[PDB]
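[1] Once you've seen the sequence and the experimental structure below, I've got questions.
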Amino acid sequence: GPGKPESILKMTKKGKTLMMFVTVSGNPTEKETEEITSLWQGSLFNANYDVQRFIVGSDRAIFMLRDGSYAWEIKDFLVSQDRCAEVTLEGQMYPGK
């Protein structure tokens, strides 16, 4: 919600491609993976954002964000929906962990 790191996206700006690796563990298998990957990255493209989102493993998902203006709202959805496990942003020292 309000604790989304606005600092990094507005300070970097110019549409910096930030890849985000998400660990997801409501299901300690690929079930949360599948749930999240298909529903989210399906809607991640359905809401026409310019991103690449991947099935990267059992209890591992990604949303590779590009426009520099939408990732941490998505982060809020994650931990409201994947049960709530782990978000890892790309870059050095994220002030919103």
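    Yep, it's here. Numbering: from 1, shown residues only.
[2] For residue 10, grab the count of nearby residues.
    10 (other CB atoms under 10 Å). All C-beta atoms are positioned from the backbone trio N, CA, C, and that covers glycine.
[3] same check, this time on residue 89
    Residue 89: 21 surrounding residues under other CB under 10 Å.
[4] Helix, strand or coil: sort out the residue lying closest to it once chain neighbours are set aside for me.
    Computed as CB to CB, 6 or more residues apart in numbering, the closest residue to residue 89 that is not its neighbour in sequence is residue 20, at 5.5 Å. Counting by DSSP: H, G, I helix; E, B strand; the rest coil, the backbone at residue 20 sits in strand.
[5] Strands of the chain, residue ranges please.
    In the chain, the segments counted as strands under DSSP state E are 18-23, 51-52, 55-57, 60-65, 86-88.
[6] So what touches the second one?
    Where contact means CB atoms under 8 Å, 6 or more residues apart in numbering, the residues beyond strand 51-52 that reach it are 44, 45, 62, 63, 64, 65, 66.
[7] okay, the strands of the chain in TSV with distance to residue 39 next?
    Converted to TSV, the strands of the chain look like this (distance: least, CB to CB, whole Å):
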stretch	distance to residue 39
strand 18-23	14
strand 51-52	15
strand 55-57	12
strand 60-65	11
strand 86-88	17
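[8] Which among those is found nearest to residue 77?
    Taking CB to CB, strand 60-65 is the member of the strands of the chain nearest to residue 77, at 9.8 Å.
[9] Parallel or antiparallel, which strands does the closest one pair with?
    Under the criterion DSSP bridges, strand 60-65 sits next to strand 18-23 (antiparallel), strand 51-52 (antiparallel), strand 55-57 (antiparallel) in its sheet.
[10] beta partners of the closest residue in space to residue 86 that isn't next to it in sequence?
    Closest residue to residue 86 apart from its sequence neighbours, by CB to CB, 6+ apart: residue 23 at 3.4 Å. Taking DSSP bridges as the rule, residue 23 bridges to residue 60, residue 86.
[11] tally of neighbours for residue 23?
    17.
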